[PDB]
RNA sequence: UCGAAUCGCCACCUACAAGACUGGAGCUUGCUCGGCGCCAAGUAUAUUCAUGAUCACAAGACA
RNA sequence: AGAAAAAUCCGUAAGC
RNA sequence: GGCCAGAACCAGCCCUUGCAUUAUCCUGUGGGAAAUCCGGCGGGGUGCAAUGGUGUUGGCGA
RNA sequence: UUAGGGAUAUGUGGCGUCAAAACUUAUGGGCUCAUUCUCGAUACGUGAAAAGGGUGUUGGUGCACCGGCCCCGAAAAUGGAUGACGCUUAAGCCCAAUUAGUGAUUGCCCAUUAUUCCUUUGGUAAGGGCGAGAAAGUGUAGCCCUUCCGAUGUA
Ligand SMILES: [Mg+2]
Ligand SMILES: [Mg+2]
Ligand SMILES: [Mg+2]
Ligand SMILES: [Mg+2]
Ligand code: NA
């Protein structure tokens with residue numbers, strides 16, 4: 021006669037990060053490398069585990085353009101989009117990472133927003 | 003106050019009530035500058051934060067020293083037209099917000115968004131009381147930041163002595179709130195004890211190897 | 004509170020010898036002490052800072077005196093040693109063991125619900 | 019031994035046949051399956067749920083999208099699964150595919166049942182993996 | 001219109017105070033005697049999952 | 001999407 | 001479509017104990033219970049070495 | 001100390017926020033409380049003298065002196081400046097480390113510099129040749145291929 025809420029929906033399968041900015045000094049920034057902070061990763065030994073993984077940055081646009089499985093699975097068509105990258109090396113003593121996006125830079129409109137870090141691309 | 007168009011859109015869509023992820027920080031017995039620096043960095047990293055009990059922050063030194071500092075700040079005004087000059091806010095929540103604003107990059111849209119992501123109160127208001135547990139910042143607490151022999155000041159007393167007519171109002175509201183919460187927590191003691199007893203008794207009825215695993219991992 | 008004195012048993016907080024138990028054998032100064040423990044292989048005589056120790060409630064008064081006092085058995089019996097061993101067990105664990113712990117906890121929660129409803 | 023030989027392999031030692039893997043990507047992300055073999059010429063792995071435990075059929079998966087755990091089950095099955103079973107010409146399942154799946158699943162379930170801790174391993178295969186708020190996969194071992 | 005980004009929830013947290021302070025005694029004054037949640041409503045005897053064909057925004061939701 | 005709001009009736013985070 | 005993606009392999013590049021000295025030393029056998037300390041006798045841890053290629057699997061394109 | 005671009009590593013200067021780096025490191029030692037321009041706190045350079053006192057120490061001996069930090073000496077004209085906020089179990093001052101008495105090696109951040117890779121251009125240039133391709137050639141859409149070094153600049 022006592023019930024609880026049980027979470028039996030689709031699983032997550034990635035870690036939640038946040039863009040922090042780009043690499044920079046006192047003179048300005050270089051936009052081709054980005055800094056990402058991941059939750060519960062707070063040491064350089066921890067951030068070493070994630071080198072080679074793949075990161076996403078999901079957002080949305082204004083109109084429906086083409087996606088990966090446009091023809092098969094027409095249930096995927098949406099205004100949602102994504103921009104993939106990869107982790108290259110740690111950035112300090114406290115568990116930050118340097119990521120490199122494929123063929124361009126991540127836009128600066130993403131600076132305070134959420135980044136997905138997946139477990140697979142280098143499994144082990 | 004929502005617009006009639008916003009209300010109509012909500013009614014037509016039919017979605018349920020929504021609340022974003024907000025962290026509520028109990029700022030009692032925290033060091034003002036260290037708390038401000040930590041909160042500013044988190045706001046820039048993209049968090050929504052609400053701070054309560056801003057009138058019980060701490061500063062180091064004597065109240066006379068800190069009051070003289072504030073009066074020196076208050077002495078600055080644009081001589082040619084004071085209605086343009088610096089505006090000196092007297093409430094503790096405004097003092098905290100100004101410290102954070104000076105630690106942010108305020109003349110940029112990014113810094114403006116960060117500053118608007120923050121809400122500050124005195125005491126704990128009714129719309130915040132029942133939203134979940136409050137947090138602390140362990141690297142900015144007085145009992146680990148100050149040596150015990152040295153004097154310190156409470157922000158509420160200094161702000162009362164430079165202005166701030168609402169100290170007694172806040173005191174009365176806080177006393178009433180604590181009384182109500184104490185009554186509620188004195189209730190439910192039987193329910194808490196009943197749940198603890200049920201947890202203790204279920205061990206005798208669950209399977210033995212499960213009990214063994216629990217004992218091995220320390221949840222016994 | 005527990006005092007710092009000769010023969011007092013302490014636990015190490017951080018460092019390569021953390022969560023280990025030793026005996027204070029000499030007070031060098033207000034900040035440093037010398038610690039040894041014949042039972043542990045890594046605890047030969049060395050210098051420890053007083054910011055890195057936690058005094059316990061046992062004070063022997074070396075191997076013969078320690079064995080006679082039998083403070084090691086009492087420390088093994090108390091609840092702090094249990095918590096430390098449980099922390100090591102949780103640290104060294106596999107996916108299968110995490111699954112076993114999860115099902116054990118779910119079983120206990122279910123039976124607690126049933127008992128509460130019965131009462 | 020020869021680099022271009024069909025029997026060549028490089029796959030790491032944790033993905034030995036009979037191991038239990040966590041699927042990290044695709045339609046069956048989060049599920050746990052059993053590694054059956056590796057297709058030749060350093061090819062993909064082959065996994066089975068078995069079905070009726072988690073719903074994963076015989077499928078091809080690259081070893082980079084799987085966490086191979088230390089829990090295994092001893093398997094001695096016939097393994098008549100070449101790459102032709104997966105290649106195809108240029144709710145709907147072929148008779149050959151359905152029969153092969155039936156035979157393999159029968160053998161696998163018999164082996165799991167025979168193994169000690171078998172009930173626990175069946176529940177383990179039924180369970181689902183997810184990343185929760187507050188846990189660090191980089192600190193665990195599997 | 002509108003498809004969109006966000007991915008823990010709770011009448012057990014959502015009361016309070018102190019760190020030269022922490023359960024109760026003794027004198028010998030330093031010695032002695034959060035809870036749940038993660039795939040059978042619950043740890044067993046069961047049961048549908050493919051062809052969405054080897055990654056792709058989770059083709060799924062607002063427990 | 002964040003209220004110095006609220007949590008037969010009326011009156012009691014109680015007995016009501 | 002070499003248009004966009006994934007994995008694999010070659011080449012290259014970046015990374016990732018020994019022997020010397022062991023002595024103001026170690027160890028048994030008048031002063032301040034014991035220890036710290038000072039004369040007699042006996043036994044014994046730091047300088048070197050160890051981008052370029054060659055196919056394969058999907059998506060979009062009738 | 002400077003051709004057009006990647007990657008790796010540094011110099012000067014730094015690692016509480018602004019602002020990249022110790023998510024405010026250390027399992028290092030001492031000292032200091034400063035009430036209206038004023039406790040300190042990046043040289044060049046932009047804050048001060050005689051004299052006098054508080055807290056920590058040092059010669060002497062049977063009280064005197066003599067240094068560290070802080071206070072007094074220290075008074076101007078628009079409201080204002082360790083860059084701002086702030087900091088005192090420092091985010092100050094003088095020393096010293098690199099994950100800490102556990103045992104060989106480099107905590108990390110940032111250049112138009114260093115190393116390396118790709119491309120251009122010029123030589124007091126150096127070699128080779130004569131299925132689509134080759135001209136005995138200063139200078140081109142350079143006859144073809146390989147190799148090494150330099151590249152800023154007012155009159
Ligand atoms: Mg110059
Ligand atoms: Mg920073
Ligand atoms: Mg020139
Ligand atoms: Mg000219
Ligand atoms: Na400065």
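Protein chains in written order, with the UniProt record's numbering: chain A, 21 to 144; chain B, 3 to 222; chain C, 4 to 64, 74 to 131; chain D, 19 to 108, 144 to 195. Backbone N, C-alpha and C fix where the C-beta goes; we use that ideal spot for every residue, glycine too.
Item, Value
"Contact defined as beta carbons within less than 8 Å: I believe residue 155 of chain B pairs with residue 70 of chain B. What is the distance between those atoms, to the nearest angstrom?", "That belief does not hold up - the Cβ atoms of residue 155 of chain B and residue 70 of chain B are roughly 12 Å apart, past 8 Å."
"Shorter than 8 Å from the beta carbon of residue 176 of chain D to some beta carbon of chain C?", "yes"
"Counting only Cβ-Cβ distances shorter than 9 Å, please list the residues of the stretch 132 to 147 of chain B near chain C, keeping chain order.", "none"
"Who are the Cβ neighbours of residue 58 of chain A in its own chain at under 6 Å, not counting the five residues just before and after it?", "35, 37, 137"
"Relative to the C-alpha of residue 172 of chain B, which candidate in B/20, B/17, B/58 has its C-alpha closest?", "B/58"
"Would a check of beta-carbon distances place residue 215 of chain B closer than 8 Å to chain C?", "yes"
"At the level of alpha carbons, what is the spacing between residue 150 of chain B and residue 144 of chain B?", "9 Å"
"Please report how far the alpha carbon of residue 211 of chain B lies from the alpha carbon of residue 30 of chain D, in whole angstroms.", "35 Å"
"Show which residues of chain A have a CB atom less than 7 Å away from the CB atom of residue 107 of chain C.", "The contacting residues do not exist; residue 107 of chain C stays about 13 Å from chain A at best."
"Here's the rule I'm using: 16 or more other beta-carbon atoms within 10 Å means buried, otherwise exposed. How should residue 109 of chain B be labelled?", "exposed"
"Please give the ranges of any alpha helix (DSSP H) in the stretch 106 to 172 of chain B, keeping only runs that are unbroken, at least 4 residues long and fully inside the region.", "111 to 118, 128 to 131, 144 to 147, 157 to 164"
"Taking all protein chains shown into account, decide if residue 123 of chain C is buried (16 or more other Cβ within 10 angstroms of its Cβ) or exposed.", "buried"
"Using the beta-carbon of each residue, which ones in chain D are nearer than 8 Å to residue 115 of chain C?", "176"
"Might you give, ordered along the chain, the residues of its own chain that have their beta carbon closer than 7 Å to the beta carbon of residue 81 of chain D, omitting 5 neighbours on each side?", "29, 33, 63"
"Could you say which of A/95, A/116, A/121 lies nearest to residue 102 of chain A if we only look at CA atoms?", "A/121"
"Spell out whether any CB of chain B is found under 8 Å from the CB atom of residue 145 of chain A.", "Since the first residue of chain A shown is 21 and the last is 144, residue 145 of chain A is not available in this structure."
"List, in order along the chain, the chain A residues whose C-beta lies closer than 7 Å to that of residue 125 of chain C?", "22"
"Would you mind reading off the limits of the beta strand (DSSP E) that contains residue 60 of chain B?", "60 to 62"
"Where does the unbroken beta strand (DSSP E) through residue 65 of chain A begin, and where does it stop?", "Run containing residue 65 of chain A: none in the beta strand (DSSP E); it sits in the alpha helix (DSSP H), 64 to 68."
"Tell me whether residue 83 of chain D sits in a helix, a strand or coil according to DSSP, three-state version.", "helix"
"How would you call residue 80 of chain C, buried or exposed, if buried means at least 16 neighbouring beta carbons within 10 angstroms?", "exposed"
"Which class does residue 76 of chain A belong to by DSSP, given the choice of helix, strand or coil?", "coil"
"Taking the C-alpha atoms as reference points, what is the distance between residue 64 of chain C and residue 55 of chain C?", "23 Å"
"Identify whether residue 25 of chain D lies in helix, strand or coil by the three-state DSSP scheme.", "coil"
"Mapping DSSP to helix, strand and coil, what is residue 121 of chain A?", "strand"
"For residue 152 of chain D, list the residues DSSP reports as bridge partners.", "Answer is none; residue 152 of chain D lacks a bridge partner."
"Please confirm if residue 16 of chain B has its CB atom under 8 Å from at least one CB of chain C.", "no"
"Can you tell me which of B/161, B/65, B/95 puts its alpha carbon nearest to the alpha carbon of residue 125 of chain B?", "B/95"
"Quick one: is residue 194 of chain D near chain C, going by C-beta distance under 8 Å?", "yes"
"Please list the terminal residues of the continuous alpha helix (DSSP H) segment that includes residue 129 of chain C.", "107 to 130"
"Is it the case that the Cβ atoms of residue 225 of chain B and residue 52 of chain B are separated by a distance below 8 Å?", "Residue 225 of chain B is absent from the structure shown; chain B starts at 3 and stops at 222."
"Taking only three categories from DSSP, how would you classify residue 64 of chain C?", "coil"
"Beta carbon of residue 50 of chain C, beta carbon of residue 74 of chain C: below 8 Å?", "no"
"From this set, C/128, C/11, C/117, C/4, which residue's C-alpha is nearest residue 30 of chain C's C-alpha?", "C/11"
"Would a C-beta distance cut-off of 8 Å place residue 97 of chain A and residue 84 of chain A closer than the cut-off?", "yes"
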